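Peer 1: Sequence first, structure after; it's an experimental one.
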Amino acid sequence: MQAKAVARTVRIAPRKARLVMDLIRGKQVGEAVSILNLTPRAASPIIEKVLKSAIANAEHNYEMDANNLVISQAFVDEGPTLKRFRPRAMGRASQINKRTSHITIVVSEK
Amino acid sequence: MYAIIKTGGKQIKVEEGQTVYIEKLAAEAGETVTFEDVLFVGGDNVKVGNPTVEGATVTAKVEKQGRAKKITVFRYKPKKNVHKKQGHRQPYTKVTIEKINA
Amino acid sequence: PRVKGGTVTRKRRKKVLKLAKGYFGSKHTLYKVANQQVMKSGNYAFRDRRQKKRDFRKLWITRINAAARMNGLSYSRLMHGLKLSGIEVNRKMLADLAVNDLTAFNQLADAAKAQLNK
Amino acid sequence: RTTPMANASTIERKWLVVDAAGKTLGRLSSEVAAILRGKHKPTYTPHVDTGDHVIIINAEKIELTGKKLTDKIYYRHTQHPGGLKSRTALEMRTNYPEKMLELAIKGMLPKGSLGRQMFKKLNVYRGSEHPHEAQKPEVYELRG
Amino acid sequence: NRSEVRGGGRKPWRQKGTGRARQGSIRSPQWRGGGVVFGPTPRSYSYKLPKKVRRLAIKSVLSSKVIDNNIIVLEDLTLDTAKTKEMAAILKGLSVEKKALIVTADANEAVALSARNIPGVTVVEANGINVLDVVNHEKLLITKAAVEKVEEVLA
Amino acid sequence: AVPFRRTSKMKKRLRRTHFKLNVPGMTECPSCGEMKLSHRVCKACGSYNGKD
Amino acid sequence: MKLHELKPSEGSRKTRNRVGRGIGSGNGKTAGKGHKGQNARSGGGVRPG
RNA sequence: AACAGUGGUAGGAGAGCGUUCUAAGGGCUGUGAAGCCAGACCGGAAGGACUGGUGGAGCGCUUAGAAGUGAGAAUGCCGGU
RNA sequence: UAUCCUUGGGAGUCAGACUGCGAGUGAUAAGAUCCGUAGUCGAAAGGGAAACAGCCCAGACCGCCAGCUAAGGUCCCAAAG
RNA sequence: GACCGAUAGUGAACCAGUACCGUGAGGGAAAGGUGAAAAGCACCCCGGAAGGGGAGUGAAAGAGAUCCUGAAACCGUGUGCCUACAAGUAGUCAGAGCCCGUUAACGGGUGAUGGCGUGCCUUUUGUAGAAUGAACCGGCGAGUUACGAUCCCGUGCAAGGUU
Ligand SMILES: [K+]
Ligand SMILES: [K+]
Ligand SMILES: [K+]
Ligand SMILES: [K+]
Ligand SMILES: [K+]
Ligand SMILES: [Mg+2]
Ligand SMILES: [Mg+2]
Ligand SMILES: [Mg+2]
Ligand SMILES: [Mg+2]
Ligand SMILES: [Mg+2]
Ligand SMILES: [Mg+2]
Ligand SMILES: [Mg+2]
Ligand SMILES: [Mg+2]
Ligand SMILES: [Mg+2]
Ligand SMILES: [Mg+2]
Ligand SMILES: [Mg+2]
Ligand SMILES: [Mg+2]
Ligand SMILES: [Mg+2]
Ligand SMILES: [Mg+2]
Ligand SMILES: [Mg+2]
Ligand SMILES: [Mg+2]
Ligand SMILES: [Zn+2]
């Protein structure tokens, strides 16, 4: 029995978010939170909120025990990109991709 | 006991009860075929043909007339706009060796 | 009437990509390099269907020579002996005997040996 | 189709001793290379190692005809500029008899992965004794 | 074509130096939005066969009707009033099931209105008979008066 | 200097192997039970060497 | 004759040749005009005579 | 049936596959159309089916007709990455 | 032995390369240059010459885990003394 | 209407001669689709919110506002086979082992190892070429039409044929 939470279109590059996602994938939910709290990355707080949302969903909507949960799936998908243009020398303009991410956490009992 | 028989343009080592694919024979499914060109007989009593074993034959049963799995022949010549694509399915006769009459 | 590109282009290219399954990296993913490799594979497959018949004959001759020299004959003389005795067993079958029924092979080898000593 | 192929399950490898004493370097090497590759076996299969193990003794007693002892030069390059080093056949046999035999045979083996694997079955020793009593090696005479 | 498409006058960029492909107009046919190369242009498709071929065609098609027993000749066809019900009953009486071409000698207003609304039932004057109409409709209901008018012209 | 050929998906992935984060050096705070970084004062309860 | 069974007289109609539609047609690429020179250019060729 | 032949650039000739539209016949489709996604099927090639998933309303087949009828390359154009 | 000629429809080609032989130019040089003559390449895959359009052998409709040969080879790489 | 169907058709299906660019004349886009009906998600839970998970509406929410369908490039997650002594135009032919079970076929996936093998196109006497073109994917993108001439073929009539 799985509980899922998703933060869609978070303004954080998928590559950057994925660095943090790899730390918590497969970990027990209690440990995962302590890893996010002590990992100094932009994604940590974002992913932590998604993980806590999933735990709440597991506990509330499915009467699962929060202490027995494990992160069975954790991945970051690419969201739509905001395209921007920085002025460079000689009148040239260069593109800037303000990327977004879809952060998904699935928890389940071990 | 096994025998070496020439059929098609080729030779096959056969034992009784074995199922062999050979070049297409003029024979319907179910019919009994005979192979008169037996070159060698093995097993206990060893006959050596010179080139054939005199009088020896192998009877067998046509199981199926079919065509092999398709191969796509594609050839080209670089830079000379020359392509050629051609399908091939080689006919065969599936045969079950009944008796080796050495 | 206007003829839209439609679905014909995608259908044709997908067929090629399916033939390129298992190719490395882009060669199973991108049509142009996939298309090149499938074309190249065609030439190779043709060439090798003709090379197959040489490789197996090469293998059979090597095996016959090994088995022949276990009977104190080189492959050259063994084959000459068989021809003089009128034996039409081919190298595929001789190699098979050498591997699967060595006693049978020795009988043929002895036949050849008789002819050579004549 | 039908042609049987040797595989790791089917292969049984003998151990052979070859005495280099008085033998010509190249003529002994070519026959040893045949044995290492498995060409003497009717079950020979091109893509598998079907050969036997060979022990060579008395490597120091290998012979060369003509003036090869002094004139045959073994080169190597260290991949540094002007890094071409050389050795005469005399020096090699005196100080590196195993290397000399191994070089000759390695040159006569296939060059790729399986050829390197075959070479691992070769054992060349300086004197008359070898440490492979346990393998029960048979004496193998050269066939000219 | 590229002349008729809006805009496209000026050269998009200088011929040399930019590293782009050389272009002459943003309405060139390789441009999105650009002119079409060739393509449909207004024209007529009509052409004329020799008179004798025209007559041979219509005679061939009529004679084919007779070979198939799809020519129904009526002493006369007179409807009292325009009434599709009346016409539909007449066609059923004659075992007319699929399409039928009705050919009257002269303009028969009562018949034209009664048959106008029935699918696959066409009404025509002897003048108006034509190859496509006859071939299209399976049965040919011609009046005796109309047969002579058609014969008068063709014969 | 500019890339002479594009980087394959395999070469890109092989490079990024070492582009990784490490798990933080955590140790449970024996006072309040929250996880802190070893040798750092506990943010949650404010304890250190068993003192708040 | 039936509108669904029309047949032209044999040899009365032929299909047009469409050049520059691939190698296999035989008029691919250069579309029958050979290589370069005035005759291969669009609106190429010299005036009659 | 016999015999013979069957490399190919420029180029000539022939026979075809497929796409859009029209006509005429005959069909399919809310018990699921087109499209899309798989598959180990079929044809000498271009190509064509069958089954399942997605999709949620249109579409084949036969003969003929008409073409904006087939793309991998133009430092091609546009979009996306 | 099966071409050849006439008429008509449609072409492409006018940069050729090397090899052998007979000559010129050159220095009896040039993978040079220009002709004659034959071949191969161009437009010809296969085998040999380590690799190697033009040299040697020989012309690929397609399948076969059949056989005989050509040039070239047969101690090992690598088929065969 | 044997005209187009959102890169098409007007530049413009949409608040287009607009946005934007130019001192100015002037140049000049991109951008359609919930559902039959808003019945447009009451209420609950995590969150500051965004965004989610339930529950409801609906035939369908994997129809929830860039809301029919949703291809490829490209980015990920899981893992059946293989991979750290190996020299690779990446395939092809041979081939164990392991893992599967199909449009049922002398099956499918992977591939230790062996043999062979220097992309495609254009242009050239000759290109793997260190000559040219292509980052990749998708769409679009090039012998057509009118009127004349001539030849072949088909048809009608024929010393006549045709308007
Ligand atoms: K030229
Ligand atoms: K369905
Ligand atoms: K040329
Ligand atoms: K669309
Ligand atoms: K493209
Ligand atoms: Mg500035
Ligand atoms: Mg297209
Ligand atoms: Mg203008
Ligand atoms: Mg051609
Ligand atoms: Mg050109
Ligand atoms: Mg087009
Ligand atoms: Mg020259
Ligand atoms: Mg070439
Ligand atoms: Mg031929
Ligand atoms: Mg021979
Ligand atoms: Mg050998
Ligand atoms: Mg538009
Ligand atoms: Mg709808
Ligand atoms: Mg040049
Ligand atoms: Mg150029
Ligand atoms: Mg480039
Ligand atoms: Zn604490």
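Peer 2: Ah, there it is. Numbering: from 1, shown residues only, chains lettered A, B, ... in the order given. Ligands and ions are numbered 1, 2, ... in the order given.
Peer 1: and the residue lying farthest from the centre of chain B, helix, strand or coil?
Peer 2: The C-alpha centroid of chain B is most remote from residue B:79, which lies 41.4 Å away (C-alpha atoms, centre = their mean). Here residue B:79 is recorded as coil under DSSP: H, G, I helix; E, B strand; the rest coil.
Peer 1: ok, it to RNA strand H distance?
Peer 2: 9 Å (C-beta to the nearest atom of the strand, to the nearest Å). For the C-beta atoms, the positions are set from N, CA and C on the backbone; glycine is no exception.
Peer 1: again with residue A:24
Peer 2: As judged by C-beta to the nearest atom of the strand, residue A:24 and RNA strand H stand 26 Å apart.
Peer 1: residue contacts, the nearest residue to that residue once chain neighbours are set aside?
Peer 2: Once flanking residues are discounted, residue A:24 sits nearest to residue A:32: 4.1 Å by C-beta to C-beta, 6 or more residues apart in numbering or on different chains. Residue A:32 sits next to A:24, A:51, A:71 when contact means C-beta atoms under 8 Å, 6 or more residues apart in numbering or on different chains.
Peer 1: Torsion angles phi and psi at the residue farthest from the centre of chain B?
Peer 2: Main-chain torsions, residue B:79, degrees, to the nearest 10: phi 70, psi 0.
Peer 1: Please apply the same query to the one 3 residues further on.
Peer 2: Backbone torsions of residue B:82, given as degrees, to the nearest 10, read phi -130, psi 110.
Peer 1: and the closest residue to it other than its chain neighbours, what does it touch?
Peer 2: Nearest residue to residue B:82 in three dimensions, chain neighbours excluded: residue B:76, at 6.0 Å (C-beta to C-beta, 6+ apart). By C-beta under 8 Å, 6+ apart, the contact set of residue B:76 is B:82, B:83, B:84, C:39, C:42, C:43.
Peer 1: Also residue E:71?
Peer 2: E:62, E:65, E:139, E:140, E:142.
Peer 1: Buried ones among these?
Peer 2: E:62, E:65, E:139, E:140, E:142 (16 or more other C-beta atoms under 10 Å in any protein chain shown).
Peer 1: And ligand 22, is whichever helix or strand the residue nearest to residue A:24 is part of touching that?
Peer 2: Element membership of residue A:32, judged by DSSP states H and E, is helix A:29-37. No. Helix A:29-37 stays clear of ligand 22 (C-beta under 5 Å from the ion), getting no nearer than 12.2 Å.
Peer 1: Is RNA strand J within reach of that helix?
Peer 2: No. Figure legend: helix A:29-37 not in contact with RNA strand J (C-beta under 7 Å from any atom of the strand); closest approach 11.4 Å.
Peer 1: One more: stretch F:7-22?
Peer 2: Yes. Stretch F:7-22 is in contact with RNA strand J by C-beta under 7 Å from any atom of the strand, via F:9, F:12.
Peer 1: which stretches of chain C form strands?
Peer 2: Under the criterion DSSP state E, chain C carries no strands.
Peer 1: Kindly report the same for chain A.
Peer 2: Using DSSP E, the strands assigned to chain A run over residues A:2-10, A:69-78, A:82-87, A:93-98, A:101-109.
Peer 1: What of chain D?
Peer 2: Under DSSP E, chain D gives strands at D:15-19, D:53-57, D:73-77, D:84-88, D:122-124, D:138-139.
Peer 1: can you put those in a markdown table and add distance to RNA strand J?
Peer 2: As requested, these are exported to a markdown table (distance: least, C-beta to the nearest atom of the strand, whole Å):
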| stretch | distance to RNA strand J |
| --- | --- |
| strand D:15-19 | 22 |
| strand D:53-57 | 18 |
| strand D:73-77 | 14 |
| strand D:84-88 | 19 |
| strand D:122-124 | 15 |
| strand D:138-139 | 27 |
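Peer 1: near chain B, which residues of chain C?
Peer 2: C:39, C:42-43, C:45-46, C:49, C:85-90, C:92-93, C:96-97, C:101, C:104, C:107-108, C:111 (C-beta under 8 Å from any C-beta of the partner chain).
Peer 1: among those, which are in helices?
Peer 2: C:39, C:42-43, C:45-46, C:49, C:92-93, C:96-97, C:104, C:107-108, C:111 (DSSP state H).
Peer 1: which among these end up buried?
Peer 2: For these, buried by 16+ other C-beta under 10 Å: C:39, C:42, C:46, C:92, C:93, C:96, C:97, C:104, C:108, C:111.
Peer 1: ok, now which ones touch the residue nearest to the last one when sequence neighbours are not counted?
Peer 2: The reference is to residue C:111. Nearest residue to residue C:111, sequence neighbours excluded (C-beta to C-beta, 6+ apart): residue C:85, at 5.0 Å. If you count contacts by C-beta under 8 Å, 6+ apart, residue C:85 has them with B:50, C:111, C:112, C:114, C:115.
Peer 1: Tell me how many other residues surround the closest residue to chain D within chain E.
Peer 2: Nearest to chain D in chain E, going by C-beta to the nearest C-beta, is residue E:19, at a distance of 42.1 Å. Per other C-beta atoms under 10 Å in any protein chain shown, the neighbour tally for residue E:19 reads 6.
Peer 1: again with residue G:43
Peer 2: By other C-beta under 10 Å, neighbour count at residue G:43 equals 4.
Peer 1: Secondary structure element for it, which one?
Peer 2: Going by DSSP H and E, residue G:43 is not in any helix or strand.
Peer 1: Among the contacts of residue E:71, list the two that are farthest apart in space.
Peer 2: The distance between the two most remote of the contacts of residue E:71 (C-beta to C-beta) is 12.9 Å, for E:62 and E:139.
Peer 1: For residue 45, which non-adjacent residue is spatially closest?
Peer 2: Because you didn't say which chain, this covers chain A. Nearest to residue A:45 is residue A:36, by C-beta to C-beta, 6+ apart, at 7.4 Å.
Peer 1: nope, chain F please
Peer 2: Once flanking residues are discounted, residue F:45 sits nearest to residue F:32: 3.6 Å by C-beta to C-beta, 6+ apart.
Peer 1: so who does that neighbour touch?
Peer 2: Counted by C-beta under 8 Å, 6+ apart, residue F:32 has contacts F:42, F:44, F:45, F:47.
Peer 1: related to what we said a few turns ago, and of the contacts of residue C:85, the nearest to residue B:98?
Peer 2: residue B:50 (25.7 Å).
Peer 1: measure that closest one to chain A for me?
Peer 2: Computed with C-beta to the nearest C-beta, to the nearest Å, the distance linking residue B:50 and chain A is 74 Å.
Peer 1: could you list every residue that touches residue D:4?
Peer 2: By C-beta under 8 Å, 6+ apart, the neighbours of residue D:4 are C:96, C:99, C:100, D:43.
Peer 1: where's the first one relative to residue F:41, distance?
Peer 2: Translated: residue C:96. Distance, residue C:96 to residue F:41, using C-beta to C-beta, to the nearest Å: 82 Å.
Peer 1: how distant is the one helix or strand the residue nearest to residue B:82 maps to from the center of its chain?
Peer 2: Per DSSP H and E, residue B:76 falls inside strand B:71-77. How far strand B:71-77 lies from its chain's middle: 27 Å, per C-alpha atoms, centre = their mean, to the nearest Å.
Peer 1: ok, then the element right after that strand?
Peer 2: Next element after strand B:71-77 (DSSP H and E): strand B:82-88.
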